[PDB]
$ cat entry_36.cif   # mmCIF, C-alpha atoms
data_model
#
loop_
_atom_site.group_PDB
_atom_site.id
_atom_site.type_symbol
_atom_site.label_atom_id
_atom_site.label_comp_id
_atom_site.auth_asym_id
_atom_site.auth_seq_id
_atom_site.Cartn_x
_atom_site.Cartn_y
_atom_site.Cartn_z
ATOM 1 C CA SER U 2 0.000 0.000 0.000
ATOM 2 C CA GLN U 3 2.785 2.389 -1.016
ATOM 3 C CA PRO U 4 2.571 5.030 -2.383
ATOM 4 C CA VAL U 5 -0.864 4.466 -3.897
ATOM 5 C CA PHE U 6 -3.716 2.317 -2.653
ATOM 6 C CA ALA U 7 -5.529 2.462 -5.999
ATOM 7 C CA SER U 8 -2.905 0.886 -8.204
ATOM 8 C CA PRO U 9 -3.238 -2.371 -10.157
ATOM 9 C CA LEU U 10 0.176 -3.483 -8.915
ATOM 10 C CA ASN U 11 -0.919 -3.132 -5.300
ATOM 11 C CA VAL U 12 -4.317 -4.756 -5.807
ATOM 12 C CA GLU U 13 -2.594 -7.751 -7.443
ATOM 13 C CA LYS U 14 -0.067 -7.760 -4.584
ATOM 14 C CA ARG U 15 -2.876 -7.740 -2.028
ATOM 15 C CA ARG U 16 -4.838 -10.494 -3.768
ATOM 16 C CA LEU U 17 -1.770 -12.747 -4.020
ATOM 17 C CA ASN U 18 -0.662 -12.057 -0.441
ATOM 18 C CA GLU U 19 -3.952 -12.707 1.313
ATOM 19 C CA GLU U 20 -4.684 -15.610 -1.045
ATOM 20 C CA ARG U 21 -1.490 -17.291 0.150
ATOM 21 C CA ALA U 22 -2.210 -16.198 3.732
ATOM 22 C CA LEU U 23 -5.640 -17.825 3.593
ATOM 23 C CA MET U 24 -3.996 -20.967 2.182
ATOM 24 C CA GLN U 25 -1.715 -21.473 5.163
ATOM 25 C CA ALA U 26 -4.530 -20.243 7.417
ATOM 26 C CA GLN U 27 -6.612 -23.261 6.433
ATOM 27 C CA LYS U 28 -3.458 -25.399 6.337
ATOM 28 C CA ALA U 29 -2.577 -24.556 9.952
ATOM 29 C CA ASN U 35 -4.540 -17.315 15.826
ATOM 30 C CA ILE U 36 -3.331 -15.581 12.660
ATOM 31 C CA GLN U 37 -3.856 -12.001 11.503
ATOM 32 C CA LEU U 38 -5.955 -11.401 8.382
ATOM 33 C CA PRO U 39 -5.628 -9.522 6.041
ATOM 34 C CA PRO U 40 -1.801 -9.450 6.218
ATOM 35 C CA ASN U 41 -0.159 -6.137 7.018
ATOM 36 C CA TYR U 42 1.855 -4.353 4.344
ATOM 37 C CA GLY U 43 5.134 -4.807 6.220
ATOM 38 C CA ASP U 44 4.889 -8.589 5.932
ATOM 39 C CA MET U 45 3.284 -8.323 2.493
ATOM 40 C CA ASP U 46 5.663 -9.365 -0.284
ATOM 41 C CA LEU U 47 5.731 -9.426 -4.080
ATOM 42 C CA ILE U 48 7.946 -9.544 -7.145
ATOM 43 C CA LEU U 49 8.103 -6.126 -8.780
ATOM 44 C CA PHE U 50 9.481 -7.391 -12.103
ATOM 45 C CA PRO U 51 8.582 -10.815 -13.559
ATOM 46 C CA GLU U 52 11.054 -13.204 -15.169
ATOM 47 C CA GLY U 53 10.759 -11.918 -18.731
ATOM 48 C CA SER U 54 10.527 -8.158 -18.230
ATOM 49 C CA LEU U 55 13.920 -6.476 -17.893
ATOM 50 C CA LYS U 56 15.989 -6.120 -21.042
ATOM 51 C CA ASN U 57 19.586 -4.885 -21.293
ATOM 52 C CA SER U 58 21.384 -3.189 -24.196
ATOM 53 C CA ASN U 59 22.273 -6.464 -25.963
ATOM 54 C CA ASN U 60 18.581 -7.497 -25.988
ATOM 55 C CA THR U 61 18.956 -10.406 -23.567
ATOM 56 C CA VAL U 62 16.502 -10.857 -20.703
ATOM 57 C CA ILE U 63 17.470 -10.483 -17.044
ATOM 58 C CA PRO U 64 15.353 -11.106 -13.902
ATOM 59 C CA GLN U 65 14.774 -9.059 -10.761
ATOM 60 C CA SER U 66 17.388 -10.564 -8.415
ATOM 61 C CA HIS U 67 20.214 -9.111 -10.545
ATOM 62 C CA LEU U 68 19.606 -5.683 -9.020
ATOM 63 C CA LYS U 69 20.852 -6.567 -5.530
ATOM 64 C CA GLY U 70 23.005 -3.837 -4.042
ATOM 65 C CA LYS U 71 21.964 -1.369 -6.740
ATOM 66 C CA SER U 72 20.321 2.037 -6.555
ATOM 67 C CA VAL U 73 17.534 1.419 -9.047
ATOM 68 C CA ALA U 74 15.391 4.114 -10.648
ATOM 69 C CA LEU U 75 12.605 3.993 -13.201
ATOM 70 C CA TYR U 76 12.942 6.482 -16.061
ATOM 71 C CA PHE U 77 9.516 7.267 -17.480
ATOM 72 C CA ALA U 78 10.285 8.869 -20.824
ATOM 73 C CA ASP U 79 8.790 9.836 -24.186
ATOM 74 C CA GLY U 80 10.997 10.244 -27.242
ATOM 75 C CA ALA U 81 9.203 13.147 -28.928
ATOM 76 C CA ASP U 82 9.082 15.218 -25.727
ATOM 77 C CA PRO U 83 11.534 18.163 -25.757
ATOM 78 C CA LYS U 84 11.629 17.690 -21.973
ATOM 79 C CA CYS U 85 13.014 14.177 -22.437
ATOM 80 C CA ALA U 86 15.284 15.213 -25.308
ATOM 81 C CA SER U 87 16.878 17.761 -22.982
ATOM 82 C CA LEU U 88 16.980 15.425 -19.980
ATOM 83 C CA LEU U 89 18.543 12.426 -21.746
ATOM 84 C CA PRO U 90 22.203 13.593 -22.157
ATOM 85 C CA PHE U 91 22.442 14.662 -18.511
ATOM 86 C CA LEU U 92 21.004 11.335 -17.380
ATOM 87 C CA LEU U 93 23.589 9.671 -19.638
ATOM 88 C CA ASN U 94 26.363 11.784 -18.103
ATOM 89 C CA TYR U 95 25.284 11.175 -14.513
ATOM 90 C CA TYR U 96 24.840 7.418 -14.984
ATOM 91 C CA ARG U 97 28.133 7.245 -16.909
ATOM 92 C CA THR U 98 30.388 9.109 -14.530
ATOM 93 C CA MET U 99 28.893 7.977 -11.218
ATOM 94 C CA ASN U 100 28.909 4.348 -12.324
ATOM 95 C CA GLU U 101 32.388 4.401 -13.911
ATOM 96 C CA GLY U 102 34.156 6.218 -11.104
ATOM 97 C CA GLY U 103 34.419 3.452 -8.521
ATOM 98 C CA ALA U 104 35.113 -0.193 -7.802
ATOM 99 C CA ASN U 105 31.443 -1.006 -7.302
ATOM 100 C CA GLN U 106 28.596 -0.675 -9.775
ATOM 101 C CA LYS U 107 26.330 1.843 -8.059
ATOM 102 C CA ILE U 108 23.063 2.664 -9.845
ATOM 103 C CA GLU U 109 20.832 1.130 -12.490
ATOM 104 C CA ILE U 110 18.011 2.716 -14.478
ATOM 105 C CA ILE U 111 14.967 0.868 -15.832
ATOM 106 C CA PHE U 112 13.287 2.575 -18.778
ATOM 107 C CA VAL U 113 9.501 2.814 -19.037
ATOM 108 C CA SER U 114 8.256 4.081 -22.387
ATOM 109 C CA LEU U 115 5.365 6.448 -23.012
ATOM 110 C CA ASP U 116 5.885 6.399 -26.786
ATOM 111 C CA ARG U 117 3.450 6.176 -29.692
ATOM 112 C CA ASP U 118 4.433 2.754 -31.043
ATOM 113 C CA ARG U 119 7.056 0.021 -31.300
ATOM 114 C CA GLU U 120 9.210 1.778 -33.917
ATOM 115 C CA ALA U 121 9.427 4.984 -31.879
ATOM 116 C CA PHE U 122 10.070 2.900 -28.757
ATOM 117 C CA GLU U 123 13.020 1.132 -30.389
ATOM 118 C CA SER U 124 14.372 4.378 -31.861
ATOM 119 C CA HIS U 125 14.272 5.994 -28.415
ATOM 120 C CA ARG U 126 15.661 2.928 -26.625
ATOM 121 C CA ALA U 127 18.619 2.616 -29.005
ATOM 122 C CA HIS U 128 20.015 5.856 -27.527
ATOM 123 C CA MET U 129 19.784 4.411 -24.016
ATOM 124 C CA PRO U 130 22.165 1.870 -22.443
ATOM 125 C CA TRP U 131 20.505 0.805 -19.204
ATOM 126 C CA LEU U 132 17.616 -1.576 -18.607
ATOM 127 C CA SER U 133 14.203 -1.228 -20.211
ATOM 128 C CA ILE U 134 10.720 -2.729 -20.261
ATOM 129 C CA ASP U 135 9.188 -3.153 -23.702
ATOM 130 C CA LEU U 136 5.999 -1.283 -24.524
ATOM 131 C CA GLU U 137 3.770 -4.309 -25.179
ATOM 132 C CA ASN U 138 4.390 -5.458 -21.601
ATOM 133 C CA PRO U 139 1.559 -4.663 -19.168
ATOM 134 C CA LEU U 140 4.369 -3.874 -16.704
ATOM 135 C CA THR U 141 4.956 -0.401 -18.187
ATOM 136 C CA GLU U 142 1.290 0.569 -17.968
ATOM 137 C CA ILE U 143 0.892 -0.933 -14.485
ATOM 138 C CA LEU U 144 3.971 1.001 -13.307
ATOM 139 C CA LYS U 145 2.557 4.186 -14.817
ATOM 140 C CA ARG U 146 -0.626 3.687 -12.804
ATOM 141 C CA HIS U 147 1.355 2.617 -9.744
ATOM 142 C CA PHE U 148 3.569 5.708 -9.600
ATOM 143 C CA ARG U 149 1.065 8.136 -11.224
ATOM 144 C CA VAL U 150 3.153 9.289 -14.180
ATOM 145 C CA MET U 151 1.052 10.632 -17.048
ATOM 146 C CA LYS U 152 0.980 13.419 -19.651
ATOM 147 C CA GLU U 153 -2.790 13.852 -20.098
ATOM 148 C CA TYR U 154 -5.816 12.369 -18.327
ATOM 149 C CA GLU U 155 -6.998 9.521 -20.525
ATOM 150 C CA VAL U 156 -6.544 6.707 -17.993
ATOM 151 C CA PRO U 157 -8.805 7.252 -14.937
ATOM 152 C CA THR U 158 -6.957 8.252 -11.794
ATOM 153 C CA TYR U 159 -9.357 7.689 -8.897
ATOM 154 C CA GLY U 160 -9.745 11.209 -7.547
ATOM 155 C CA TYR U 161 -6.060 11.087 -6.686
ATOM 156 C CA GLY U 162 -2.899 12.829 -7.818
ATOM 157 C CA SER U 163 -0.305 12.750 -10.546
ATOM 158 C CA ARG U 164 3.199 12.765 -9.106
ATOM 159 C CA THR U 165 4.865 14.014 -12.290
ATOM 160 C CA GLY U 166 4.596 14.497 -16.018
ATOM 161 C CA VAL U 167 6.871 12.816 -18.543
ATOM 162 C CA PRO U 168 9.864 12.440 -18.067
ATOM 163 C CA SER U 169 10.924 11.475 -14.575
ATOM 164 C CA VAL U 170 13.490 9.423 -12.722
ATOM 165 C CA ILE U 171 11.974 7.795 -9.640
ATOM 166 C CA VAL U 172 14.065 5.631 -7.354
ATOM 167 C CA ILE U 173 12.167 2.534 -6.261
ATOM 168 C CA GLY U 174 12.337 0.016 -3.446
ATOM 169 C CA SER U 175 12.030 -3.747 -3.270
ATOM 170 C CA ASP U 176 8.304 -3.637 -2.466
ATOM 171 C CA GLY U 177 7.421 -0.872 -4.915
ATOM 172 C CA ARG U 178 7.756 1.881 -2.321
ATOM 173 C CA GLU U 179 8.746 5.456 -3.122
ATOM 174 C CA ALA U 180 12.220 6.038 -1.695
ATOM 175 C CA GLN U 181 12.625 9.632 -2.855
ATOM 176 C CA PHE U 182 11.432 11.764 -5.742
ATOM 177 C CA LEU U 183 13.972 13.363 -8.048
ATOM 178 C CA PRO U 184 12.436 16.791 -8.692
ATOM 179 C CA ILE U 185 12.652 17.369 -12.438
ATOM 180 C CA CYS U 186 9.011 18.250 -13.220
ATOM 181 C CA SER U 187 7.522 18.514 -9.737
ATOM 182 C CA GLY U 188 6.660 21.077 -7.088
ATOM 183 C CA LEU U 189 10.349 21.998 -6.982
ATOM 184 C CA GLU U 190 11.005 22.456 -10.752
ATOM 185 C CA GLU U 191 14.686 22.033 -11.496
ATOM 186 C CA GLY U 192 15.235 20.549 -14.924
ATOM 187 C CA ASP U 193 18.527 18.670 -15.646
ATOM 188 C CA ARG U 194 19.921 19.485 -12.183
ATOM 189 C CA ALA U 195 17.797 17.447 -9.742
ATOM 190 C CA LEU U 196 19.937 14.388 -10.524
ATOM 191 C CA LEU U 197 22.440 15.547 -7.893
ATOM 192 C CA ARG U 198 19.793 14.919 -5.211
ATOM 193 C CA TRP U 199 20.105 11.193 -5.956
ATOM 194 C CA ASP U 200 21.707 9.441 -2.991
ATOM 195 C CA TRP U 201 22.657 5.858 -3.821
ATOM 196 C CA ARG U 202 23.412 4.891 -0.205
ATOM 197 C CA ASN U 203 20.105 4.725 1.650
ATOM 198 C CA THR U 204 18.077 3.404 -1.317
ATOM 199 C CA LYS U 205 19.372 -0.071 -2.108
ATOM 200 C CA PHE U 206 17.258 -2.717 -3.830
ATOM 201 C CA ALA U 207 16.910 -5.124 -0.910
ATOM 202 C CA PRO S 204 -61.691 50.695 -78.583
ATOM 203 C CA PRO S 205 -59.952 48.283 -76.209
ATOM 204 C CA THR S 206 -59.256 48.870 -72.522
ATOM 205 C CA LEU S 207 -55.599 49.195 -71.589
ATOM 206 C CA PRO S 208 -55.566 46.525 -68.859
ATOM 207 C CA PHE S 209 -54.170 47.703 -65.549
ATOM 208 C CA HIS S 210 -50.671 46.374 -65.034
ATOM 209 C CA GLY S 211 -49.495 47.551 -61.655
ATOM 210 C CA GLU S 212 -48.186 46.144 -58.409
ATOM 211 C CA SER S 213 -47.406 48.457 -55.491
ATOM 212 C CA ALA S 214 -44.287 48.507 -53.316
ATOM 213 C CA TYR S 215 -46.249 46.602 -50.677
ATOM 214 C CA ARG S 216 -47.275 44.101 -53.352
ATOM 215 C CA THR S 217 -43.883 43.759 -55.092
ATOM 216 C CA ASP S 218 -40.691 44.029 -53.274
ATOM 217 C CA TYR S 219 -40.597 41.308 -50.611
ATOM 218 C CA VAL S 220 -41.222 37.563 -50.835
ATOM 219 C CA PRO S 221 -41.013 35.223 -47.794
ATOM 220 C CA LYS S 222 -37.330 34.513 -47.243
ATOM 221 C CA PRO S 223 -36.045 31.091 -46.199
ATOM 222 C CA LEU S 224 -35.477 30.959 -42.460
ATOM 223 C CA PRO S 225 -31.823 31.220 -41.351
ATOM 224 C CA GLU S 226 -30.168 27.862 -40.699
ATOM 225 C CA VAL S 227 -28.949 28.050 -37.090
ATOM 226 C CA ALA S 228 -27.861 24.928 -35.205
ATOM 227 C CA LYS S 229 -24.544 25.444 -33.425
ATOM 228 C CA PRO S 230 -23.936 25.390 -29.662
ATOM 229 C CA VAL S 231 -20.563 26.075 -28.026
ATOM 230 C CA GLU S 232 -19.257 22.560 -27.504
ATOM 231 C CA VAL S 233 -16.428 22.995 -25.001
ATOM 232 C CA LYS S 234 -14.250 20.024 -24.163
ATOM 233 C CA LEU S 235 -13.627 20.210 -20.480
ATOM 234 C CA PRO S 236 -9.980 20.085 -19.472
ATOM 235 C CA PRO S 237 -9.734 17.247 -16.952
ATOM 236 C CA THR S 238 -8.992 18.317 -13.384
ATOM 237 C CA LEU S 239 -5.219 18.174 -13.066
ATOM 238 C CA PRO S 240 -4.581 15.418 -10.506
ATOM 239 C CA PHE S 241 -3.333 16.753 -7.212
ATOM 240 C CA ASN S 242 -0.109 15.861 -5.416
ATOM 241 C CA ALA S 243 1.019 18.763 -3.339
ATOM 242 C CA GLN S 244 1.716 15.622 -1.425
ATOM 243 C CA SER S 245 1.351 16.530 2.206
ATOM 244 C CA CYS S 246 3.739 16.811 5.097
ATOM 245 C CA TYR S 247 3.400 13.629 7.203
ATOM 246 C CA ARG S 248 3.668 11.128 4.374
ATOM 247 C CA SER S 249 6.038 13.491 2.549
ATOM 248 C CA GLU S 250 9.035 13.482 4.848
ATOM 249 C CA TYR S 251 8.472 10.920 7.640
#

$ encode --input "entry_36.cif" --output "structure tokens"
Amino acid sequence: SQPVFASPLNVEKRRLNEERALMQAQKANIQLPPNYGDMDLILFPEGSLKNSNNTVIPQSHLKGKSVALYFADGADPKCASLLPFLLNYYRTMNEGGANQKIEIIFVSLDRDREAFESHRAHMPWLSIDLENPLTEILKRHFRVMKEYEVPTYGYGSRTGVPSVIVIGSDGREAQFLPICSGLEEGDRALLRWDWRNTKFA
Amino acid sequence: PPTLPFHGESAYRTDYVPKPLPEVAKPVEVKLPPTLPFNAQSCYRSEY
């Protein structure tokens, strides 16, 4: 139940968690429905994440990483301006060290497959392909949207396209990088990223 | 002798015929901008 109660990711998480909880309830003085601290899920399925050589990787690879979703749209002048600085920041702060620090997972808000591939070819880190329901479920989970077509349930939009949002193991919001937000610093908010306290555990 | 038959039609008899009525059917169809969804995301959940 973080950050949004009305998200498809969290309703699927809840259904799976209390389904399993009811299963060992009848199998076995237990608390129902299970609390969100003990609630658990997999944020990315087996065939979702895709690296620059177009070979699939699963979720457990991101241990010890500072992982952030990049919701982006290729035709947006916002994203066209933001992309080289994200490239620079990822480049220098992952090359300068003995430990691989951050990882970025790309979520597309593009028109179609051709535009998605043309935008993703300029981008080295992980990505989720557009035909996956994972991109659209993450958009509704973290409330990233350019125009109200999909119904948000009397609730907010955290940002417009693009954004980098660092994520936790259970889909929580660790911190918001203020590019297009209440703070409004384009191509400079990336220095607020702290890779220490937000590890994918 | 013949009678010169009275040709004549006054102003009030000549110079207006019933016009077609003006074709008016156009409202102001305004697409409502959707209410921009609100996260001035508050203090308690925001920092702690």

$ atom_distance --input "entry_36.cif" --atom1 "atom CA of residue U:203" --atom2 "atom CA of residue U:178"
13.3 Å

$ atom_distance --input "entry_36.cif" --atom1 "atom CA of residue U:54" --atom2 "atom CA of residue U:121"
19.0 Å

$ interface_residues --input "entry_36.cif" --of "chain U" --to "chain S" --cutoff "12 Å" --atoms "all atoms listed in the file" --output "PyMOL selection string"
chain U and resi 3-5+148-166+179-182+187-189

$ residues_around --input "entry_36.cif" --residues "stretch 61-68 of chain U" --least-positions-apart "6" --cutoff "8 Å" --atoms "only C-alpha atoms" --output "ChimeraX atom specification"
/U:48-55,109,206

$ atom_distance --input "entry_36.cif" --atom1 "atom CA of residue U:75" --atom2 "atom CA of residue U:170"
5.5 Å

$ decode --input "entry_36.cif" --residues "stretch 210-223 of chain S" --atoms "N, CA, C and O atoms" --output "PDB file, in the first residue's frame"
ATOM      1  N   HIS S 210     -51.860  46.979 -65.604  1.00  0.00           N
ATOM      2  CA  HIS S 210     -50.671  46.374 -65.034  1.00  0.00           C
ATOM      3  C   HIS S 210     -50.164  47.310 -63.949  1.00  0.00           C
ATOM      4  O   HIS S 210     -50.116  48.530 -64.139  1.00  0.00           O
ATOM      5  N   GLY S 211     -49.866  46.746 -62.792  1.00  0.00           N
ATOM      6  CA  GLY S 211     -49.495  47.551 -61.655  1.00  0.00           C
ATOM      7  C   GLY S 211     -49.450  46.706 -60.409  1.00  0.00           C
ATOM      8  O   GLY S 211     -50.324  45.870 -60.168  1.00  0.00           O
ATOM      9  N   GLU S 212     -48.417  46.918 -59.617  1.00  0.00           N
ATOM     10  CA  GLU S 212     -48.186  46.144 -58.409  1.00  0.00           C
ATOM     11  C   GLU S 212     -47.387  47.070 -57.508  1.00  0.00           C
ATOM     12  O   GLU S 212     -46.292  47.498 -57.881  1.00  0.00           O
ATOM     13  N   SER S 213     -47.948  47.410 -56.349  1.00  0.00           N
ATOM     14  CA  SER S 213     -47.406  48.457 -55.491  1.00  0.00           C
ATOM     15  C   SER S 213     -46.074  48.019 -54.894  1.00  0.00           C
ATOM     16  O   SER S 213     -45.599  46.916 -55.136  1.00  0.00           O
ATOM     17  N   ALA S 214     -45.454  48.896 -54.104  1.00  0.00           N
ATOM     18  CA  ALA S 214     -44.287  48.507 -53.316  1.00  0.00           C
ATOM     19  C   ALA S 214     -44.634  47.364 -52.380  1.00  0.00           C
ATOM     20  O   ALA S 214     -43.928  46.344 -52.313  1.00  0.00           O
ATOM     21  N   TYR S 215     -45.764  47.523 -51.693  1.00  0.00           N
ATOM     22  CA  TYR S 215     -46.249  46.602 -50.677  1.00  0.00           C
ATOM     23  C   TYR S 215     -46.673  45.285 -51.310  1.00  0.00           C
ATOM     24  O   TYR S 215     -46.683  44.240 -50.659  1.00  0.00           O
ATOM     25  N   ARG S 216     -46.895  45.306 -52.624  1.00  0.00           N
ATOM     26  CA  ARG S 216     -47.275  44.101 -53.352  1.00  0.00           C
ATOM     27  C   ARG S 216     -46.081  43.487 -54.089  1.00  0.00           C
ATOM     28  O   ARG S 216     -46.098  42.299 -54.432  1.00  0.00           O
ATOM     29  N   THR S 217     -45.032  44.281 -54.348  1.00  0.00           N
ATOM     30  CA  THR S 217     -43.883  43.759 -55.092  1.00  0.00           C
ATOM     31  C   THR S 217     -42.757  43.277 -54.186  1.00  0.00           C
ATOM     32  O   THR S 217     -42.453  42.081 -54.154  1.00  0.00           O
ATOM     33  N   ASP S 218     -42.134  44.181 -53.435  1.00  0.00           N
ATOM     34  CA  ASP S 218     -40.691  44.029 -53.274  1.00  0.00           C
ATOM     35  C   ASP S 218     -40.256  43.199 -52.073  1.00  0.00           C
ATOM     36  O   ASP S 218     -39.124  43.365 -51.627  1.00  0.00           O
ATOM     37  N   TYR S 219     -41.091  42.319 -51.535  1.00  0.00           N
ATOM     38  CA  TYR S 219     -40.597  41.308 -50.611  1.00  0.00           C
ATOM     39  C   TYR S 219     -41.375  40.017 -50.825  1.00  0.00           C
ATOM     40  O   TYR S 219     -42.597  40.018 -50.997  1.00  0.00           O
ATOM     41  N   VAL S 220     -40.643  38.906 -50.827  1.00  0.00           N
ATOM     42  CA  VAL S 220     -41.222  37.563 -50.835  1.00  0.00           C
ATOM     43  C   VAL S 220     -40.753  36.887 -49.550  1.00  0.00           C
ATOM     44  O   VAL S 220     -39.768  37.346 -48.952  1.00  0.00           O
ATOM     45  N   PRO S 221     -41.448  35.864 -49.046  1.00  0.00           N
ATOM     46  CA  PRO S 221     -41.013  35.223 -47.794  1.00  0.00           C
ATOM     47  C   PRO S 221     -39.657  34.553 -47.957  1.00  0.00           C
ATOM     48  O   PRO S 221     -39.498  33.621 -48.749  1.00  0.00           O
ATOM     49  N   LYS S 222     -38.677  35.047 -47.208  1.00  0.00           N
ATOM     50  CA  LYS S 222     -37.330  34.513 -47.243  1.00  0.00           C
ATOM     51  C   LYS S 222     -37.290  33.120 -46.617  1.00  0.00           C
ATOM     52  O   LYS S 222     -38.168  32.760 -45.827  1.00  0.00           O
ATOM     53  N   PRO S 223     -36.312  32.298 -46.988  1.00  0.00           N
ATOM     54  CA  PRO S 223     -36.045  31.091 -46.199  1.00  0.00           C
ATOM     55  C   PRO S 223     -35.520  31.469 -44.823  1.00  0.00           C
ATOM     56  O   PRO S 223     -34.774  32.438 -44.670  1.00  0.00           O
TER      57      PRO S 223
END
